[PDB]
Amino acid sequence: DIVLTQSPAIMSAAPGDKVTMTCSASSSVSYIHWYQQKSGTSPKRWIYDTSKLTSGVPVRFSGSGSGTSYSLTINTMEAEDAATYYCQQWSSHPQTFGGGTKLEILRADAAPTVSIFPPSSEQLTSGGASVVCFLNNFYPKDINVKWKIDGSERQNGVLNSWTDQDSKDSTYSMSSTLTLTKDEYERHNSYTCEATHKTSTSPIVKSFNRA
Amino acid sequence: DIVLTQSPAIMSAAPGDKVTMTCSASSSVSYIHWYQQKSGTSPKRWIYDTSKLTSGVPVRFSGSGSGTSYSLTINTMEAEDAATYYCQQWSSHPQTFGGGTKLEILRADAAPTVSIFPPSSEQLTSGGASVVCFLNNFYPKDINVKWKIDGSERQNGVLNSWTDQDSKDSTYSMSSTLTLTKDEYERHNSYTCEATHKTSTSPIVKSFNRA
Amino acid sequence: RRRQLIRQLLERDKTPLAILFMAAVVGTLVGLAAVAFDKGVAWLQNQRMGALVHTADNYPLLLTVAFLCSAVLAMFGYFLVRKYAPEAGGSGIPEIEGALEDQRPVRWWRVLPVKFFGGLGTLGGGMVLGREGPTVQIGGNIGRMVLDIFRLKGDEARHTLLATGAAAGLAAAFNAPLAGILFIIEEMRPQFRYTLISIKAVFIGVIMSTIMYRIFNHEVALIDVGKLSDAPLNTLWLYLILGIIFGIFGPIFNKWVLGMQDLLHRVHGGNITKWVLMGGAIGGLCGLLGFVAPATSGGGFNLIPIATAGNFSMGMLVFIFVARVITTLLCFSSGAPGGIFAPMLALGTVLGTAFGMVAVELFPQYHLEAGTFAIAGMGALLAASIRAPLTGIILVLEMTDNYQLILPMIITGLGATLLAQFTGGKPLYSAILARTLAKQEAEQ
Amino acid sequence: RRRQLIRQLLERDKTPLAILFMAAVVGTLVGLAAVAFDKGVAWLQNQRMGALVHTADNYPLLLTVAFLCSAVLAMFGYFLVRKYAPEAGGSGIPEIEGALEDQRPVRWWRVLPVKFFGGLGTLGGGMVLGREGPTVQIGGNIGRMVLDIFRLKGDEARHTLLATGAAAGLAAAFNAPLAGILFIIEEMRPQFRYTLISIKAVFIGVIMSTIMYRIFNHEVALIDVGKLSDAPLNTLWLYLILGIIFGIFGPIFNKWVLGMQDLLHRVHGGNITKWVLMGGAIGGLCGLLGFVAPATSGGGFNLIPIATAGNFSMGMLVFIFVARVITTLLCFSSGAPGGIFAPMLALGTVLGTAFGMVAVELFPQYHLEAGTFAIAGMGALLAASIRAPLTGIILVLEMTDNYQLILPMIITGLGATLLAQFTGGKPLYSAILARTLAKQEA
Amino acid sequence: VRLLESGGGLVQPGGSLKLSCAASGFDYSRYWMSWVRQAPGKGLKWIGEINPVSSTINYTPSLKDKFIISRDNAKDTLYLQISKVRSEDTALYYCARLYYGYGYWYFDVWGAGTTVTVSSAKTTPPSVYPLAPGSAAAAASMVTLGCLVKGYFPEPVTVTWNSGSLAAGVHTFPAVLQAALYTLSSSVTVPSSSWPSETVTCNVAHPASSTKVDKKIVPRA
Amino acid sequence: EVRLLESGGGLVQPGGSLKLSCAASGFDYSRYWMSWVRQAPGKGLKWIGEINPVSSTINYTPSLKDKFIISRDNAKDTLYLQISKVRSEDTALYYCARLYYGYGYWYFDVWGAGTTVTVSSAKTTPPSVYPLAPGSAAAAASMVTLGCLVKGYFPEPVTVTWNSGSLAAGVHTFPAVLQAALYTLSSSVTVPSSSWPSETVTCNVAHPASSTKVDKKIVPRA
Ligand SMILES: [Br-]
Ligand SMILES: [Br-]
Ligand SMILES: [Br-]
Ligand SMILES: [Br-]
């Protein structure tokens, strides 16, 4: 059947700005529909027949194309336009959706607000120890983290987790949690947590000792 | 409001007769309807538009008239036709119903089948005693039930109840329910109900002994 | 002709009050006539079934009484027509048309009692023939009857009371008021010259006729097919294919009825005894087929909602279509009284259904209901055999009430009329009148 | 005759293929054009809408910007018709009826641009005139144009291709394919003599045009009310009494449209400046009524469903009719391009609804719904004043899909076209052509 | 095609209560529905009607808001609310579906009814006692057994035997009133073979107390 | 409003079965083709099947046979989907759609909110809810970042609100991460230095899959 391959898989761009993505087809295709997904909502039918804005679709949106190649476009995009745009055909049968295109805001860089948290007394009593570090509110999403245990690198028992782009400040976040048994945790004193960004050559450290 | 008035409020007929009932009105009415209501059943649209038969009404039924006088006529009535019938008009708002012609049946005689039943155990475990005497499937309806306790006559606390005429065999039934206290019940032993009916010169009498 | 036009314009639509009141009385009669005719055709077909039950054990005997009951009632109708009014065989629309060209006589003292009882014999036996054939002819003659009776003068009331009779005549056979009025205007009126048919009267005729038919027939529809799907713009091209399919088949059918009239005329040579005997044989078959495979027989109105609901196999749909072509030709070419209109609805439905099915399974991006394609092809044989496409469209519209399908229904028909013209097809009605006027002058 | 007849029958319905292929092209062009007219018309009502926004505060300022917005577009149409094509003012249907008779000029190089942009001014400024006047005229002028372009000869090809263009053009103004053909047949043909107009070609004409509308106008209907209730037989007599009320008012209204054509003319007296100026006060009044009472101005389609669903009061109906009776005359008797066909549909719907409301309170035992009398009265002025009931009935039926009312609809239509005859009314489209030929030899 | 009305139990004088009718088997919209009531042993009496859009609503001889008819085609239900009740309204209430022939309208399909009692007393569920022969009953071609349904309020109860499997052979007797309570018995005659060989239970039911009782008929040993 | 409300999606063991149910409200549910469309996590939209108003033509995607069962209960206004022989491949978010068209090239007109189907041999398991306070010698700044961890629950998901969601600003909850068939995720919440330890910051976690409501309070350390 009929493969759809959307072209800029992820992308950013500033507001008040022209955005353009692309549906393509292994065979020839007539009249394609676009849906807008925001994380957590039902996909909204966005554009149909390759030339028919749905009701309430703001006019800054548009679609064009022919045979197999078509494309969506925002002549001046605000914020609400950031979402995922799935093209789908039913010219042939069976129908097919495309992989997607993630539209993300572009903004001024911001640097992590790092925060380190010593395993709680409650978790300790249950016989384990997880040290949570909180890299908060930074563009772009790319970042690295490094744990030191008495200033020595540790790569086991780490689990990081990026949020999707933010709603209000349109940044990111990322948590690193280091998980030991209670016992191996008491073999050492100083836990250090090192956020490497692109906003500096010098990582933002946060550490603590159990004294 | 238009007052409709029935011909014979209660008529009695023997199957094979021709039976007409007649609906008369205070004022001119046109294209009236008839409902058949057998005992314990919602009225059934039986005849409508003066003379049109609802699907499934046997051809032995017919309607006729013109506002002032309207009749329904069963031509060779059958025993299943026994019911109370109603005429309704709506040539003048508000619509308004008749008062009912109740078709009773006349049939060969038939003698009651008597059953007597002693108070049940659970009923005694709750401080009362009812003695229930069934008189089942007799024609005609006249019947005199006689309760004899220990060969004596009892007359306070005997409630009877008859059924309607059965819709296919035209018979009647009746229950005699003598109700006493627990202590008054156990200060006796011989209980009888005496049934008397025109199909026997000597009464039918079923009985039991508490011994 | 400027001043002539100015004066005539100031004088348009002033039908004489007498003519409008007579359209009212022609209508009402044609109505009661057709209602009675329909009620009759039913009571006979019923008694026919009730005999199969008094005899439901002996299955050979069963097939026997099924044949002879219809053979008897057929012969009666064959006989009544040539023993009496001949011009009452077959459809009778060719004749009432002729009667508006002033070439064929309205023998109502004869046609009234020969069509009506002769129809009841052929239709009432379950022959493949419609009510509209008789009701149209009978209705015209009823118009003539009230003309000779009240002695009205002029060409206006002659052609008018002739029309509104056959219009009310066809309304009452389909509870299709608009299709009646239109039948006159597209197909029935004299086609090569102006006419004085007062259309307003044809309406009063159609109205009064349809009101009588509603009095006796309401709360049940001749064809209930319910609301079907819509038709997406990208689908229309499949209906314009369908028309082409009908455009080439419509005329091929025309030829057979003609050639079949001939090929059946050589059976009896004209002899009233061989002919009646032949008609009993045809009718008997139809009564037998009506028991042993009802889709191949009768008026066809019964198997139309069945075909539409996708409830027939393709194997069946072909079978039905072969046989019902066969038994239509045997029934209407032999000249038995009755129309070949209403069986031509069925044959077209049974075709559109077959095409919808192949059209469903070849294009599911389209999301097809095979039933849209039957409803297009119901009035398709009408557009490609008798070439009155505007009337088969408003007829089909009126019986089935799926207005959404207006485009593929008017698209298919144009398809059928145009390929029929282009593949040398002649309108079935007028092709019969000519053979009739050429026979009324080929003996001298 | 019989030999002639035998020969003429055996040779029936054989329209020249060239007449057919060219009919398909007329509707294609009468369709694209027809759609284009309607897209224009709304787009300016839009501006009037979107301009009333920028000045929505000084309530006197708003009144007048809607006045002037439409006052200006009003006048532009009055001019483009006086300056370059006088036979393109008003309806234009009389004219095309005239042309088929071979009694009037088909100036397509002149009328197609005059009507197209002329009506946009009166239709886009909020006037009481339907899209039907311009679309049928333009449609025939288009049909003349391809008879000239391809230089085909005869009376047949000239009458067929002039006609289909007028039918494919009335369809595309109402999404009414049948009532397209049925206008040619019932009303627009030479009514006193045979003609070679090919129906099978007048049909292909309306297929192509209709298809062009459904391609641009699909999944949106012009009047949508749904399925109303059925009509008992014992109630049908009420639909005659309705048709009699229409039958007597049918003519009286015809007096008023003809009479007022004469009296608006005395205002100007044929002076293109006294006249355009009068008609931008009419159009200025109509963009100003389309803000205070959108029901007393505009095409009138907006109020028909609101009318049918018994949503008005008896008073509001009384008002809306008297107002639309008035606002209808001033717009067409001024001769501003655009039909009276549509604003009569509105007039009729309004009228019957008033009639039903009476019925409902007189006969509780009939269990009536006044909207059925709307649907009966909707095409009733059309049957009673331009005297084309078969087309009127089939039009309403094509636009309201209430076929269970086909009987009460035919009974009111005959009940009008009859009582208009027995009193003193004339087919207005042949009373125009009459008075207009009555000055062409005066 | 069916009409099933409910909500008929017990009401205090001067009070109010909402009845409901739930239709199935047809397009409940595009259908005038109506309400007819029937006092005990009397004849029928039109209450009101209501067109499909709820746009027209007519009533019979009433007061300010004696009756109030409603509908909700979304749930396919008819409604009705009597208020300021008095003993005249303590009857049986039918929900009818209206239609016409020539145009003079009739009550086409009637529902089964629900019963309103307007009394002072309390709702009370029934006691069901089995009625079996004494340990000396004669053995004929048949045996008759019954069950006794005593001490309930208000009306009605329904008695079936073996869930209608014993349709034939059944007599249920009209209730009788005393001290503001009702009592009825029910009779059933079955062959000597089918009992006690097979099970015989009587299925009493008192909807006004949402109660059902399936008492079984055991012999007296 | 036009609402598609789908339900029936939870944890199911591999090789099992479930019956997804979509409930329609806001339009005539007949006259419409209905359709199901699922979406594995972090992947594309995939078409399951469709069914026509009269249930007479039911269409599925190239995937076996008995695998899918689409049926519609026009009477109950509900569309149904039965998945049999459930794989981990079938773990996804299942959408219910209603079909329309334009020029007759069909499209997915209105979608519903979804339901989540988790296919794992893992057993239901409540979460442990541990506060996160800043270091005993935390840098006295203007803003203070708090947070409570939700360790070791199954399956997804958990709601995480702070002070009954009053302090809606300044919060994020990170995605869970799965380990040894269990889920772990934490939620930040930044307030001003003034707010804490002055007032009570609280961490409401709710894991409904296991009947867990728990308010865990954040107090300062040492
Ligand atoms: Br013939
Ligand atoms: Br025929
Ligand atoms: Br004009
Ligand atoms: Br006009």
# chains A, B, ... in the order shown; residues from 1 in each chain; ligands from 1
call {"tool": "residues_around", "arguments": {"residues": "range 128-137 of chain F", "least_positions_apart": "4", "cutoff": "8 Å", "atoms": "only C-alpha atoms", "output": "number ranges by chain"}}
result
A: 115-120, 122-123, 132, 208; F: 144-153, 203, 205, 214, 216-222
call {"tool": "write_last_selection", "arguments": {"atoms": "C-alpha atoms", "output": "PDB file, in the first residue's frame"}}
result
ATOM      1  CA  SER A 115      18.654  21.157  42.142  1.00  0.00           C
ATOM      2  CA  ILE A 116      19.951  18.174  44.117  1.00  0.00           C
ATOM      3  CA  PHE A 117      17.938  16.187  46.636  1.00  0.00           C
ATOM      4  CA  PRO A 118      19.255  13.727  49.182  1.00  0.00           C
ATOM      5  CA  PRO A 119      17.403  10.415  49.591  1.00  0.00           C
ATOM      6  CA  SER A 120      14.568  10.842  52.056  1.00  0.00           C
ATOM      7  CA  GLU A 122      11.359   7.282  54.338  1.00  0.00           C
ATOM      8  CA  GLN A 123      12.991   5.658  51.332  1.00  0.00           C
ATOM      9  CA  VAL A 132      17.121  12.904  42.480  1.00  0.00           C
ATOM     10  CA  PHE A 208      25.722  17.830  49.209  1.00  0.00           C
TER      11      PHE A 208
ATOM     12  CA  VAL F 144      13.347  26.924  46.261  1.00  0.00           C
ATOM     13  CA  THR F 145      12.746  23.735  44.254  1.00  0.00           C
ATOM     14  CA  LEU F 146      10.839  20.940  45.998  1.00  0.00           C
ATOM     15  CA  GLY F 147       9.668  17.530  44.701  1.00  0.00           C
ATOM     16  CA  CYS F 148       8.268  14.101  45.740  1.00  0.00           C
ATOM     17  CA  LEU F 149       9.221  10.793  43.999  1.00  0.00           C
ATOM     18  CA  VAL F 150       6.657   8.143  43.010  1.00  0.00           C
ATOM     19  CA  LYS F 151       8.677   4.964  43.010  1.00  0.00           C
ATOM     20  CA  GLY F 152       7.722   1.538  41.781  1.00  0.00           C
ATOM     21  CA  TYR F 153       4.053   1.434  40.655  1.00  0.00           C
ATOM     22  CA  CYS F 203       2.195  16.333  47.346  1.00  0.00           C
ATOM     23  CA  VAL F 205      -0.307  11.378  44.453  1.00  0.00           C
ATOM     24  CA  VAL F 214      -1.881   9.664  49.404  1.00  0.00           C
ATOM     25  CA  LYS F 216       2.736  13.284  51.412  1.00  0.00           C
ATOM     26  CA  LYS F 217       3.963  16.441  53.174  1.00  0.00           C
ATOM     27  CA  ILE F 218       7.338  18.107  52.440  1.00  0.00           C
ATOM     28  CA  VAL F 219       9.093  19.135  55.679  1.00  0.00           C
ATOM     29  CA  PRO F 220      12.676  20.466  55.870  1.00  0.00           C
ATOM     30  CA  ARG F 221      15.571  18.157  56.710  1.00  0.00           C
ATOM     31  CA  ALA F 222      18.027  17.767  59.679  1.00  0.00           C
TER      32      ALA F 222
END
call {"tool": "residues_near_ligand", "arguments": {"ligand": "ligand 4", "cutoff": "6 Å", "atoms": "only C-alpha atoms and all ligand atoms", "output": "ChimeraX atom specification"}}
result
/D:91,132-133,339-341
call {"tool": "interface_residues", "arguments": {"of": "chain B", "to": "chain D", "cutoff": "12 Å", "atoms": "only C-alpha atoms", "output": "ChimeraX atom specification"}}
result
/B:30-31,49,89-96
call {"tool": "atom_distance", "arguments": {"atom1": "CA of residue 414 in chain D", "atom2": "CA of residue 395 in chain D"}}
result
15.1 Å
call {"tool": "residues_near_ligand", "arguments": {"ligand": "ligand 3", "cutoff": "6 Å", "atoms": "only C-alpha atoms and all ligand atoms", "output": "MDAnalysis selection string"}}
result
chainID D and resid 90:92 94
call {"tool": "select_by_dssp", "arguments": {"residues": "range 34-95 of chain D", "states": "alpha helix (DSSP H)", "output": "PyMOL selection string"}}
result
chain D and resi 34-54+59-82+93-95
call {"tool": "residues_around", "arguments": {"residues": "residue 122 in chain F", "least_positions_apart": "4", "cutoff": "12 Å", "atoms": "only C-alpha atoms", "output": "mmCIF file with C-alpha atoms, in the first residue's frame"}}
result
data_model
loop_
_atom_site.group_PDB
_atom_site.id
_atom_site.type_symbol
_atom_site.label_atom_id
_atom_site.label_comp_id
_atom_site.auth_asym_id
_atom_site.auth_seq_id
_atom_site.Cartn_x
_atom_site.Cartn_y
_atom_site.Cartn_z
ATOM 1 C CA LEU F 11 -3.958 -3.959 31.599
ATOM 2 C CA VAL F 12 -4.312 -7.328 29.883
ATOM 3 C CA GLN F 13 -2.041 -10.324 29.963
ATOM 4 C CA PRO F 14 -0.462 -11.414 26.665
ATOM 5 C CA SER F 88 2.902 -6.569 23.188
ATOM 6 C CA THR F 118 -1.298 -1.998 28.181
ATOM 7 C CA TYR F 153 4.053 1.434 40.655
ATOM 8 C CA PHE F 154 2.321 -0.376 37.775
ATOM 9 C CA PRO F 155 0.721 0.216 35.375
ATOM 10 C CA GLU F 156 0.448 3.832 34.158
ATOM 11 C CA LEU F 178 9.970 1.547 33.369
ATOM 12 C CA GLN F 179 12.409 -0.725 35.207
ATOM 13 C CA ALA F 180 12.174 -4.478 35.930
ATOM 14 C CA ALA F 181 8.425 -4.272 35.103
ATOM 15 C CA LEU F 182 7.834 -1.224 37.382
ATOM 16 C CA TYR F 183 7.419 2.562 36.939
#
call {"tool": "residues_near_ligand", "arguments": {"ligand": "ligand 2", "cutoff": "6 Å", "atoms": "only C-alpha atoms and all ligand atoms", "output": "count of residues only"}}
result
6
call {"tool": "interface_residues", "arguments": {"of": "chain E", "to": "chain D", "cutoff": "10 Å", "atoms": "only C-alpha atoms", "output": "ChimeraX atom specification"}}
result
/E:30-32,49-52,55-58,100-105
call {"tool": "write_last_selection", "arguments": {"atoms": "N, CA, C and O atoms", "output": "PDB file, in the first residue's frame"}}
result
ATOM      1  N   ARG E  30     -41.172  11.994  15.959  1.00  0.00           N
ATOM      2  CA  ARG E  30     -42.194  11.991  14.904  1.00  0.00           C
ATOM      3  C   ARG E  30     -43.349  11.090  15.323  1.00  0.00           C
ATOM      4  O   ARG E  30     -43.691  10.133  14.653  1.00  0.00           O
ATOM      5  N   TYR E  31     -43.924  11.410  16.470  1.00  0.00           N
ATOM      6  CA  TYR E  31     -44.980  10.605  17.049  1.00  0.00           C
ATOM      7  C   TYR E  31     -45.619  11.332  18.201  1.00  0.00           C
ATOM      8  O   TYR E  31     -44.968  11.566  19.218  1.00  0.00           O
ATOM      9  N   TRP E  32     -46.872  11.706  18.065  1.00  0.00           N
ATOM     10  CA  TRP E  32     -47.589  12.222  19.215  1.00  0.00           C
ATOM     11  C   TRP E  32     -47.778  11.111  20.239  1.00  0.00           C
ATOM     12  O   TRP E  32     -48.268  10.030  19.895  1.00  0.00           O
ATOM     13  N   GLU E  49     -51.748  15.251  25.648  1.00  0.00           N
ATOM     14  CA  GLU E  49     -50.949  14.831  24.509  1.00  0.00           C
ATOM     15  C   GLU E  49     -49.792  15.787  24.362  1.00  0.00           C
ATOM     16  O   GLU E  49     -49.794  16.872  24.933  1.00  0.00           O
ATOM     17  N   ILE E  50     -48.796  15.374  23.593  1.00  0.00           N
ATOM     18  CA  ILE E  50     -47.625  16.203  23.358  1.00  0.00           C
ATOM     19  C   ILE E  50     -46.995  15.813  22.033  1.00  0.00           C
ATOM     20  O   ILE E  50     -46.623  14.651  21.829  1.00  0.00           O
ATOM     21  N   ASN E  51     -46.878  16.779  21.124  1.00  0.00           N
ATOM     22  CA  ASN E  51     -46.347  16.592  19.777  1.00  0.00           C
ATOM     23  C   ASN E  51     -44.854  16.246  19.857  1.00  0.00           C
ATOM     24  O   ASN E  51     -44.318  16.164  20.969  1.00  0.00           O
ATOM     25  N   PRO E  52     -44.150  15.985  18.741  1.00  0.00           N
ATOM     26  CA  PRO E  52     -42.754  15.498  18.885  1.00  0.00           C
ATOM     27  C   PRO E  52     -41.764  16.552  19.365  1.00  0.00           C
ATOM     28  O   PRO E  52     -40.864  16.243  20.157  1.00  0.00           O
ATOM     29  N   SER E  55     -43.502  21.109  21.155  1.00  0.00           N
ATOM     30  CA  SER E  55     -43.942  22.457  20.813  1.00  0.00           C
ATOM     31  C   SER E  55     -45.433  22.709  21.093  1.00  0.00           C
ATOM     32  O   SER E  55     -45.806  23.838  21.434  1.00  0.00           O
ATOM     33  N   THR E  56     -46.303  21.710  20.932  1.00  0.00           N
ATOM     34  CA  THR E  56     -47.712  21.830  21.289  1.00  0.00           C
ATOM     35  C   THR E  56     -47.996  20.849  22.414  1.00  0.00           C
ATOM     36  O   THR E  56     -47.419  19.760  22.428  1.00  0.00           O
ATOM     37  N   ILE E  57     -48.844  21.241  23.379  1.00  0.00           N
ATOM     38  CA  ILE E  57     -49.184  20.392  24.527  1.00  0.00           C
ATOM     39  C   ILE E  57     -50.601  20.743  24.960  1.00  0.00           C
ATOM     40  O   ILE E  57     -50.849  21.841  25.473  1.00  0.00           O
ATOM     41  N   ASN E  58     -51.539  19.825  24.778  1.00  0.00           N
ATOM     42  CA  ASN E  58     -52.930  20.041  25.167  1.00  0.00           C
ATOM     43  C   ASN E  58     -53.265  19.114  26.327  1.00  0.00           C
ATOM     44  O   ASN E  58     -52.641  18.063  26.485  1.00  0.00           O
ATOM     45  N   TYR E 100     -53.279   8.246  13.184  1.00  0.00           N
ATOM     46  CA  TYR E 100     -54.545   8.596  12.532  1.00  0.00           C
ATOM     47  C   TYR E 100     -54.809   7.676  11.343  1.00  0.00           C
ATOM     48  O   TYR E 100     -53.910   7.030  10.807  1.00  0.00           O
ATOM     49  N   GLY E 101     -56.053   7.648  10.908  1.00  0.00           N
ATOM     50  CA  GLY E 101     -56.412   6.914   9.710  1.00  0.00           C
ATOM     51  C   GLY E 101     -56.632   7.878   8.566  1.00  0.00           C
ATOM     52  O   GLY E 101     -55.709   8.180   7.781  1.00  0.00           O
ATOM     53  N   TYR E 102     -57.873   8.388   8.450  1.00  0.00           N
ATOM     54  CA  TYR E 102     -58.218   9.499   7.568  1.00  0.00           C
ATOM     55  C   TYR E 102     -57.786  10.846   8.114  1.00  0.00           C
ATOM     56  O   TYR E 102     -57.830  11.837   7.384  1.00  0.00           O
ATOM     57  N   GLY E 103     -57.376  10.911   9.371  1.00  0.00           N
ATOM     58  CA  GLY E 103     -56.999  12.172   9.968  1.00  0.00           C
ATOM     59  C   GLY E 103     -57.648  12.390  11.317  1.00  0.00           C
ATOM     60  O   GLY E 103     -57.217  13.269  12.082  1.00  0.00           O
ATOM     61  N   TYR E 104     -58.687  11.598  11.619  1.00  0.00           N
ATOM     62  CA  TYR E 104     -59.327  11.621  12.931  1.00  0.00           C
ATOM     63  C   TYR E 104     -58.563  10.657  13.833  1.00  0.00           C
ATOM     64  O   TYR E 104     -58.572   9.441  13.605  1.00  0.00           O
ATOM     65  N   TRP E 105     -57.858  11.210  14.829  1.00  0.00           N
ATOM     66  CA  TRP E 105     -56.757  10.509  15.486  1.00  0.00           C
ATOM     67  C   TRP E 105     -57.261   9.468  16.467  1.00  0.00           C
ATOM     68  O   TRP E 105     -58.342   9.599  17.046  1.00  0.00           O
TER      69      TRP E 105
END
call {"tool": "closest_residue", "arguments": {"among": "E:73, E:153, E:84, E:99", "to": "chain C", "atoms": "only C-alpha atoms"}}
result
E:99
call {"tool": "select_by_dssp", "arguments": {"residues": "range 14-205 of chain A", "states": "strand (DSSP E or B)", "output": "ChimeraX atom specification"}}
result
/A:19-23,25,32-37,44-47,53,61-66,69-74,84-89,96-98,102-105,110,116-117,128-136,139,144-149,153-154,158-162,173-181,190-196,204-205
call {"tool": "closest_atom_pairs", "arguments": {"of": "chain C", "to": "ligand 1", "cutoff": "9 Å", "atoms": "only C-alpha atoms and all ligand atoms", "output": "Markdown table"}}
result
| residue | atom | partner | partner_atom_place_in_ligand_line | distance |
| --- | --- | --- | --- | --- |
| C:87 | CA | ligand 1 | 1 (Br) | 8.3 |
| C:88 | CA | ligand 1 | 1 (Br) | 8.1 |
| C:89 | CA | ligand 1 | 1 (Br) | 6.4 |
| C:90 | CA | ligand 1 | 1 (Br) | 4.1 |
| C:91 | CA | ligand 1 | 1 (Br) | 3.9 |
| C:92 | CA | ligand 1 | 1 (Br) | 5.2 |
| C:93 | CA | ligand 1 | 1 (Br) | 6.6 |
| C:94 | CA | ligand 1 | 1 (Br) | 5.8 |
| C:95 | CA | ligand 1 | 1 (Br) | 7.6 |
| C:133 | CA | ligand 1 | 1 (Br) | 8.5 |
| C:332 | CA | ligand 1 | 1 (Br) | 7.6 |
| C:333 | CA | ligand 1 | 1 (Br) | 8.1 |
| C:335 | CA | ligand 1 | 1 (Br) | 6.8 |
| C:337 | CA | ligand 1 | 1 (Br) | 8.2 |
| C:338 | CA | ligand 1 | 1 (Br) | 8.2 |
| C:339 | CA | ligand 1 | 1 (Br) | 7.7 |
| C:340 | CA | ligand 1 | 1 (Br) | 8.5 |
| C:429 | CA | ligand 1 | 1 (Br) | 7.3 |
| C:432 | CA | ligand 1 | 1 (Br) | 6.6 |
| C:433 | CA | ligand 1 | 1 (Br) | 8.2 |
call {"tool": "atom_distance", "arguments": {"atom1": "CA of residue 26 in chain F", "atom2": "CA of residue 231 in chain C"}}
result
23.9 Å
call {"tool": "interface_residues", "arguments": {"of": "chain E", "to": "chain F", "cutoff": "12 Å", "atoms": "only C-alpha atoms", "output": "list in words"}}
result
residues 24, 25, 26, 27, 74, 75 and 76 of chain E
call {"tool": "residues_around", "arguments": {"residues": "residue 94 in chain F", "least_positions_apart": "6", "cutoff": "12 Å", "atoms": "only C-alpha atoms", "output": "ChimeraX atom specification"}}
result
/A:42-43 /F:5-10,19-22,35-41,45-49,80-83,111-118
call {"tool": "write_last_selection", "arguments": {"atoms": "C-alpha atoms", "output": "short mmCIF file (atom, residue, chain, number, x, y, z; two decimals), in the first residue's frame"}}
result
data_model
loop_
_atom_site.label_atom_id
_atom_site.label_comp_id
_atom_site.auth_asym_id
_atom_site.auth_seq_id
_atom_site.Cartn_x
_atom_site.Cartn_y
_atom_site.Cartn_z
CA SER A 42 -7.98 13.92 20.34
CA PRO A 43 -6.31 14.49 16.94
CA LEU F 5 -16.29 8.68 24.58
CA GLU F 6 -14.30 5.45 24.29
CA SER F 7 -13.60 3.11 27.21
CA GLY F 8 -12.49 -0.40 28.06
CA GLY F 9 -8.71 -0.14 27.92
CA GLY F 10 -6.51 -1.33 30.74
CA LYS F 19 -13.64 -5.39 24.16
CA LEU F 20 -13.08 -1.63 23.45
CA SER F 21 -16.33 0.38 23.59
CA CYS F 22 -16.93 3.78 21.98
CA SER F 35 -13.68 3.59 12.51
CA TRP F 36 -11.00 2.59 15.06
CA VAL F 37 -7.42 3.90 14.88
CA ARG F 38 -4.59 2.97 17.33
CA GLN F 39 -1.18 4.55 17.92
CA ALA F 40 1.66 2.63 19.58
CA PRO F 41 3.67 4.88 21.95
CA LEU F 45 -1.30 6.62 13.65
CA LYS F 46 -2.41 3.23 12.28
CA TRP F 47 -5.78 2.30 10.85
CA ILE F 48 -7.56 -0.69 12.38
CA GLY F 49 -10.92 -0.96 10.60
CA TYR F 80 -17.24 -2.07 19.73
CA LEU F 81 -13.78 -3.53 19.10
CA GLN F 82 -12.61 -6.96 20.21
CA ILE F 83 -8.88 -7.71 20.06
CA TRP F 111 -12.08 11.70 16.95
CA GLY F 112 -12.58 10.75 20.58
CA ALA F 113 -10.26 11.25 23.51
CA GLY F 114 -8.80 7.72 23.40
CA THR F 115 -8.22 4.74 25.65
CA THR F 116 -4.91 3.15 26.64
CA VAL F 117 -4.30 -0.57 26.30
CA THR F 118 -1.30 -2.00 28.18
#
